[PDB]
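Notes follow the structure.
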Amino acid sequence: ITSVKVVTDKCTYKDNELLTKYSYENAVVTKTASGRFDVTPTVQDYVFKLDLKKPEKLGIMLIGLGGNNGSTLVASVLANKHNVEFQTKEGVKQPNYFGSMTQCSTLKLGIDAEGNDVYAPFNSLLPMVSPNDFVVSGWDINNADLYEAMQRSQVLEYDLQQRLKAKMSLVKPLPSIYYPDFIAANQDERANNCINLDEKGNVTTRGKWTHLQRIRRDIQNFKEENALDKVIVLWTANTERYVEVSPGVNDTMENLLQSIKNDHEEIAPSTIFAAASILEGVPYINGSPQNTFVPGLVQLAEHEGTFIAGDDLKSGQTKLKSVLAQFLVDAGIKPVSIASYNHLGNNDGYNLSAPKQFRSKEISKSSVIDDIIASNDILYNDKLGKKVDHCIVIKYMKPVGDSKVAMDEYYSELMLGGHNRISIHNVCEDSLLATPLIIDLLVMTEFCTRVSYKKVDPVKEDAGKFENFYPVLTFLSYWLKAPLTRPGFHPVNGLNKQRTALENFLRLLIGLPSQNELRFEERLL
Amino acid sequence: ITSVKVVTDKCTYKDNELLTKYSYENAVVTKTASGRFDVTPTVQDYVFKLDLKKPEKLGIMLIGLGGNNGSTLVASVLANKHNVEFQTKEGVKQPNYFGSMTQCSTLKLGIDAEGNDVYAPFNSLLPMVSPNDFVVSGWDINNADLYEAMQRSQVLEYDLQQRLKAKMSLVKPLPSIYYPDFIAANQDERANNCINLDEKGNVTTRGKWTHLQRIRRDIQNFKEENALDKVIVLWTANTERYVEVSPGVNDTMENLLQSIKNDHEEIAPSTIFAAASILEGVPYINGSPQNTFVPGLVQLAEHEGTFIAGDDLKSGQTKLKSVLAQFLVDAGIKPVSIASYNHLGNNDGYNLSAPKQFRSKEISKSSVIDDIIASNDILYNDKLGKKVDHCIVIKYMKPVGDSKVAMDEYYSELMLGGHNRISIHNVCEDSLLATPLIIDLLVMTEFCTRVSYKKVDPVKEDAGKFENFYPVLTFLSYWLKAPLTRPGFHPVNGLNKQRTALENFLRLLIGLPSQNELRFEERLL
Amino acid sequence: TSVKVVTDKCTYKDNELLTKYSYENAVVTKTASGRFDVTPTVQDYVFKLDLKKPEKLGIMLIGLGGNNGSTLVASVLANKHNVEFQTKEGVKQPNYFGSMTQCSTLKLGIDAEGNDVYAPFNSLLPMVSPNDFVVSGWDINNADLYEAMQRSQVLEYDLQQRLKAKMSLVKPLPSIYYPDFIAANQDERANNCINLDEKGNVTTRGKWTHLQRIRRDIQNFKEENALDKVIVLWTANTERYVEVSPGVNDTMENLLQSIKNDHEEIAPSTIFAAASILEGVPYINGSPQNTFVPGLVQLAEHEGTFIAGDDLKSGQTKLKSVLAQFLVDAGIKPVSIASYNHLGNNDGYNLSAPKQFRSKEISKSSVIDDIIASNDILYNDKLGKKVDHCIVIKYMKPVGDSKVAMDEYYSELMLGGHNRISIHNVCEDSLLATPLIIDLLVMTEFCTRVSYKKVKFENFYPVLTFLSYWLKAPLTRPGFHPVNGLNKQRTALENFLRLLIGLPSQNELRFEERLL
Ligand SMILES: NC(=O)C1=CN([C@@H]2O[C@H](COP(=O)(O)OP(=O)(O)OC[C@@H]3O[C@H](n4cnc5c(N)ncnc54)[C@H](O)[C@@H]3O)[C@@H](O)[C@H]2O)C=CC1
Ligand SMILES: NC(=O)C1=CN([C@@H]2O[C@H](COP(=O)(O)OP(=O)(O)OC[C@H]3O[C@@H](n4cnc5c(N)ncnc54)[C@H](O)[C@@H]3O)[C@@H](O)[C@H]2O)C=CC1
Ligand SMILES: NC(=O)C1=CN([C@@H]2O[C@H](COP(=O)(O)OP(=O)(O)OC[C@H]3O[C@@H](n4cnc5c(N)ncnc54)[C@H](O)[C@@H]3O)[C@@H](O)[C@H]2O)C=CC1
Ligand SMILES: O=P(O)(O)/C=C/[C@@H](O)[C@@H](O)[C@H](O)CCO
Ligand SMILES: O=P(O)(O)/C=C/[C@@H](O)[C@@H](O)[C@H](O)CCO
Ligand SMILES: [Mn+2]
Ligand SMILES: [Mn+2]
């Protein structure tokens, strides 16, 4: 087993709880008309409390359980949990969670006697739940069991699917909420496991509040049937179209709940699942690009004090773009044109073949570089131009299956008329990439539910009571394309910066300062 | 000077005319229900007559003279004609016609004493007009002179544009026909050199027959002002939308001419230019993808006996695709997915940014592989599947200017589950590629106008009188995406096969048989 | 599916086909003034094709246990026995995709509408099918072909398992291992050798005895399976070129003498070729080494045996000649062509050594020189007649048999412009090489049943240059420079099959449409 023991007086343990002192420093800046930056440092002391008693089993309810991601996730959990080795043309392979930052990445704890960097597993600093301990279920408008789902998805090695056949076959998605207008028309035939059916047994968008009540009961039922204490809900179903946000409809906690009861046409299935999970006090993670978290819902989460988070998985082309575009601008290079083409032949691409669904994705896959452009007015300004041409294209090409092909070109300006042209061709099993990210989101969300804190008054000992994270868990931004933010704050998409936040967080809970990379043990005599 | 002298009794010269005997062989095939192919060879003897008196100057009237292709063509002609060397970062460069199959490709005439292949310039077999002898003019809805056109286009080296400044500045496009509905709305501001203006001086699609009469007079005027004997019209203006072909409108020579007089809404500017050139007996070449040659026009060409030809320039991505896809299928490999993405930032891409214009291009850029799939039912059939997923994408990205970036992926099947994935990134100055192809089309069209023939009756000497090529010059298919064909016949897009046709044609006029590649001087003792 | 041409150029005489053919061409000379004098030439011929093809064709592969050898056997068994297999994309049916003789078609003529009619490449004249191949061969490693398959990691696991029972039965015969002719690492792999001394050790002494043993292996294979026709093909690791010296291997008599003299320039492939020639069986060299030294070519001529080869024209080199040719035919001037490649199979491992790779760097390069030379408008002393070119092959084990090829064509356009085409080609190398081997065997067998006479029948000059479509280093007749234009190379084959059934070469003139 891997564990870390930090010798610090900032940390004490009391009844399965770790208490850690932390002085958070930042700075408020102002810019003079002239052009001077006045920086006022700041400080706020805290005491973080970490419940060390992690759950032995964590309930996981996926919406879209029968899809590529859904079936692959269950498969990865079963395969790893039971060490289901499988045959391939490269020979027997041992199951693993490669692609999981939470399960397969490491972090620098410090330097050793010789002065060489020492790294430890990301999940070895503080107690985290293992995906091998996930008890998974969920919903799907299609009733195929999970073995059929695997076959249909064509993601996993034939031999592996066969070894998981027996178990996967017994896993059946619960009927779900199907409202025809929110997803592509071509998914119509797929919908045969719906709870919203009229007297004639047909699909009906009538009775949206009864649906909400069923989903909540589904969560309660699942939990007790498994003797679980905690459950997390994650949406990994078809990308819906955006819903119109309007006053009196979904702008407030009150208008939203009412619109739901009135069956407003701008209440999507995700709106119902989110509202249900929130009302049950269950973390809800949105893995798709639609704007499920309209003002009224966020408001409901804040009021209920329930974790919400998400907006599309940042797994391939966009993940790398949030690394490459950052890199270029940090180097003083000016990207002026970024073309991103994509084609896949799975159900994800089949649904996204329709404009209303594609537009959702198109928006989240573009937003990722906006903050980058904004951070540098030396390169991007009115005099030199502050725009970067950016196009996102997603075409459905059945023959490539789940292996999305991403082709991008970054055309940038260098000094004295020069240019830099970086062409990319990125191929990979989209689900094998996404699945571990879904695992990361659940692992980190669960970790977050066991964290609380309280401001420390310098001139008054033991003031304030512990609070929980502000409802919107921005700490999970690393795994999302369009980071949901707190009202007023702008999102930051820099991948490396998003991971650093997670790193320093774990580091501070065990009493370590943030990474500085100064290495004065070397640079100074 | 380069010239070829073939010792053959099949060729005689009489008063600046070459007379050549040729026995054309082919074969008619039938397929038995059982599955046998009955092949009946055929033969038809001919006597081809080639007018050797090529014109000293060839009139060239481009529609879209002020565009990227138009200005570049005039520039290339001026630069080469006057040996205008220019400065670059790689040093002084000498003008040339690289990219011109007609000016820079060679053909194998035979083998030498040692048995080694001997090649001669494509234009050295028989007298052809030099582009240095082109007298160019034309029309454009924009009045900018050709120097401004060059600056605006940003295709040529700054130093070269400057050396051509004086001459190019004096070249001004003639006002043209602007009908707002046929091209992108964004070209509206560009239109300020129109002949179709009402009393108020505004653009009017009224009086389409007067426009036709003006264009014809334009051709007559241009010709006499330059003391020219021959002129060729070539459309290199914005891609128009397709026009609806309907009975009583543009299905016959008669309905078309009437619709023109009635100002039918399905009579585009290209329809007018084509009709005008045909009525003037001037070859008309369509360098864009719109369906300018509706049944009624082709009928008018046949009746007038005037050369027509075209439908989009096959210059880059599509040219290479007509080589690569052919190659794969000839090798028994089965392409199943071909994704073609493209982005450019010139006016061509700005206009194509609108769906109605893009659809025209999209159709011609796809058609190129249909004949290939059809030729092999071993690979493409009902049992194995006879479809090849193919998508064409064109995005406008201003920062790349005239340097179109073409990205394609050919995903094919190999035996026993294998696949082959060929990714491509093709960059180039689109106009530097297209321009020489426009030059080729004009050079070959002019050559064709000096060719006639007559069937030879074996049992009756001197029967029949000379005829000219069937109106639709399919021999130019090498330079076009969607080869216009004779009613009933299907087009062949194989690039290498298209060039071979041109090669064997020139070869037969000087008394040589088609290339067989048997080399029995080597393979046999 | 069959073809029946109504022509008076072909007469059948009991499994015999006689076809008349006038071969036209032309001889050219150039005047100082720059005038080309062309004199047409014609030579009449009569071809005879023995229509009686073998019902079973013996195939002996040197390197039978490698990627190509094992995949070849698997494809034959899989197709022959319709072994469908499971994949994550579902059940797939076996086929010979990638094979020109089995999966490409040819245009026979036009229909009543004026549109092209195509027929299977192997449907014009009787050709042996790969399903009727009886395969055996040698290998320095004794692993059975099932183990060979697993080792190769070329085929779908389920297909390997469905073929396990049959493939296990196939084991390679011991072979000749002369250490110095290949990459060191191919050492402890050599556990199956006939060349051993009275101590049991691998030796290069007694080369004539080795030769005699290969002939016996060939005779036994024939008798053992009651086969009349057998073809041998080298698909074993690339050897290091041998030096051709006078009296050593410059002639038929010297060559044989040097073999008996255990001469150091007598390579294992040299012996398999000599043995095959003596047994009268066609020998195909699927590797870059210069197996066919002068003395060896004389032996082939003398025995009237067909030889052919010098490296299996791989996909890249194949597509590279096509693109380069295409550019130059369009009047575009490539000025730089860079080729980088990496694979992780034994082939790549063996080529990781300079002497093995060097052989391959010689063949794949010469192809663009033909192109440069074909156009003095673009390539001349005034504008420059050179084209920078580089071929790099690195061993990257992890990519296994899936060779990755990365090329970049940089060309000049008019008035200072440029065209940059960069490619990234990936594929299971052996899934492309296997079918190419099937084509070579099928076409070599066909050529052996063809004889001709100008105007007693004679045979196809030892070197079957007709197979250049599948070989990177086209072996040619003395004095003649090899041609590599893939499309031209396929044209030759197409027209050959056409002339045998009385059809002229394709002209693409389509006068039924172009003329009134
Ligand atoms: N596989 C491909 O795509 C291409 C292969 N080639 C040629 O074919 C050869 C084989 O290719 P692969 O099957 O991929 O390689 P491989 O490495 O799997 O096959 C060679 C292995 O070495 C053994 N071997 C070495 N020396 C031998 C000898 N003296 N007698 C008998 N067996 C011997 C066997 O041939 C064994 O299978 C290469 O070395 C090369 O010359 C050429 C172009 C492409
Ligand atoms: N696949 C990837 O790598 C990534 C996936 N995502 C997103 O995750 C989602 C799922 O992706 P995949 O698994 O590939 O797609 P998928 O189409 O295979 O799976 C989605 C599943 O959701 C079900 N479904 C649709 N609407 C539903 C509803 N209202 N209630 C319950 N079930 C419903 C469908 O029947 C289907 O089985 C999509 O929105 C996709 O864009 C985002 C980034 C990356
Ligand atoms: N540029 C290339 O490499 C190739 C070009 N083509 C086609 O050739 C055409 C021209 O291309 P570019 O020169 O790049 O575009 P461009 O936009 O620069 O030039 C076209 C010119 O035509 C003029 N024009 C538009 N409608 C007109 C009308 N009714 N009458 C007269 N003038 C009119 C415009 O004012 C403009 O100056 C387009 O349809 C393009 O798609 C096709 C294949 C390749
Ligand atoms: O590879 P990315 O840009 O990080 C993620 C991309 C995802 O949106 C895609 O897989 C999407 O679901 C399919 C269409 O491309
Ligand atoms: O490069 P291609 O496919 O041969 C020709 C492509 C031409 O249609 C393009 O330049 C088109 O005008 C612009 C949009 O791509
Ligand atoms: Mn997926
Ligand atoms: Mn252009």
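To be explicit about the labels: the chains of the structure tokens are called A, B, and onward in the order shown, and within each one the residues are counted from 1, while ligands get numbers from 1 in the order they are shown.
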
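The residue set within 6 Å of range 282-298 of chain C, counting only C-alpha atoms and dropping same-chain residues fewer than 2 places from it, reads residues 231, 232, 233, 234, 235, 238, 239, 241, 249, 250, 251, 252, 255, 270, 300, 301, 302, 306, 307, 308, 309, 310, 311, 312, 359 and 360 of chain C.
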
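Within 12 Å of residue 126 in chain A, once only C-alpha atoms are used and residues closer than 4 positions along the same chain are dropped, the contacting residues are residues 2, 3, 4, 5, 6, 17, 18, 50, 51, 52, 53, 54, 102, 120, 121, 122, 444, 447, 448, 450, 451, 503, 505, 506, 507, 508, 509, 510 and 511 of chain A.
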
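Minimum atom-to-atom distances from B:300, B:338, B:33, B:156 to ligand 7 were compared using only C-alpha atoms and all ligand atoms, and the lowest value belongs to B:156.
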
Please identify the helix (DSSP H, G or I) residues within range 133-232 of chain A (assignment by DSSP from backbone atoms) and present them as a VMD selection string. chain A and resid 133 146 to 153 158 to 163 165 to 169 180 to 182 185 to 187 208 to 225

Counting only C-alpha atoms, the residue among C:405, C:267, C:443, C:165 that lies closest to residue 422 in chain C is C:405

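Going from atom 32 (N, counted along the ligand's line) of ligand 1 over to CA of residue 143 in chain C, you cover 11.4 Å.
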
Enumerate as a ChimeraX atom specification the residues within 7 Å of ligand 2, counting only C-alpha atoms and all ligand atoms. /A:63-70,139-142,153,176-179,183,190-191,236-239,269-270,287-289,312-315,346-348,430-431,433-434

Please build the interface table for chain A against chain C with a cut-off of 9 Å, listing for each qualifying residue the nearest atom pair and the distance in Å to one decimal; count only C-alpha atoms, order rows by chain and increasing number, and write it as JSON lines.
{"residue": "A:87", "atom": "CA", "partner": "C:157", "partner_atom": "CA", "distance": 7.0}
{"residue": "A:88", "atom": "CA", "partner": "C:157", "partner_atom": "CA", "distance": 5.6}
{"residue": "A:89", "atom": "CA", "partner": "C:153", "partner_atom": "CA", "distance": 4.9}
{"residue": "A:90", "atom": "CA", "partner": "C:153", "partner_atom": "CA", "distance": 5.6}
{"residue": "A:91", "atom": "CA", "partner": "C:150", "partner_atom": "CA", "distance": 7.7}
{"residue": "A:151", "atom": "CA", "partner": "C:88", "partner_atom": "CA", "distance": 7.1}
{"residue": "A:152", "atom": "CA", "partner": "C:89", "partner_atom": "CA", "distance": 8.5}
{"residue": "A:153", "atom": "CA", "partner": "C:88", "partner_atom": "CA", "distance": 8.7}
{"residue": "A:154", "atom": "CA", "partner": "C:88", "partner_atom": "CA", "distance": 5.0}
{"residue": "A:155", "atom": "CA", "partner": "C:88", "partner_atom": "CA", "distance": 7.0}
{"residue": "A:156", "atom": "CA", "partner": "C:88", "partner_atom": "CA", "distance": 6.7}
{"residue": "A:157", "atom": "CA", "partner": "C:88", "partner_atom": "CA", "distance": 5.9}
{"residue": "A:158", "atom": "CA", "partner": "C:88", "partner_atom": "CA", "distance": 4.8}
{"residue": "A:159", "atom": "CA", "partner": "C:158", "partner_atom": "CA", "distance": 7.9}
{"residue": "A:161", "atom": "CA", "partner": "C:88", "partner_atom": "CA", "distance": 8.5}
{"residue": "A:401", "atom": "CA", "partner": "C:89", "partner_atom": "CA", "distance": 8.4}
{"residue": "A:425", "atom": "CA", "partner": "C:424", "partner_atom": "CA", "distance": 8.8}

Expected answer as a ChimeraX atom specification: strand (DSSP E or B) residues in range 393-458 of chain B: /B:393-396,403-413,419-429,451-457

Within 7 Å of chain A: residues of chain B, using only C-alpha atoms, as a short mmCIF file (atom, residue, chain, number, x, y, z; two decimals) with N, CA and C atoms, in the first residue's frame:
data_model
loop_
_atom_site.label_atom_id
_atom_site.label_comp_id
_atom_site.auth_asym_id
_atom_site.auth_seq_id
_atom_site.Cartn_x
_atom_site.Cartn_y
_atom_site.Cartn_z
N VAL B 336 -13.15 2.90 -47.54
CA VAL B 336 -14.50 2.87 -46.98
C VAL B 336 -14.86 4.22 -46.38
N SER B 337 -13.86 5.04 -46.11
CA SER B 337 -14.11 6.35 -45.54
C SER B 337 -13.10 7.36 -46.07
N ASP B 389 -18.06 6.15 -47.32
CA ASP B 389 -18.40 7.40 -46.64
C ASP B 389 -17.43 8.47 -47.13
N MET B 397 -11.30 30.78 -43.32
CA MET B 397 -10.36 31.16 -42.26
C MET B 397 -9.47 32.23 -42.87
N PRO B 399 -7.10 34.32 -41.94
CA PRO B 399 -5.65 34.33 -41.73
C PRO B 399 -4.77 33.50 -42.67
#

Tell me which protein, DNA and RNA residues are within 10 Å of residue 265 in chain A, counting only C-alpha atoms, leaving out same-chain ones fewer than 4 positions away, and put them as a PyMOL selection string. chain A and resi 179+181-182+205-206+243-244+249+259-260

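If you look at CA of residue 296 in chain A and CA of residue 255 in chain A, they are 7.0 Å away from each other.
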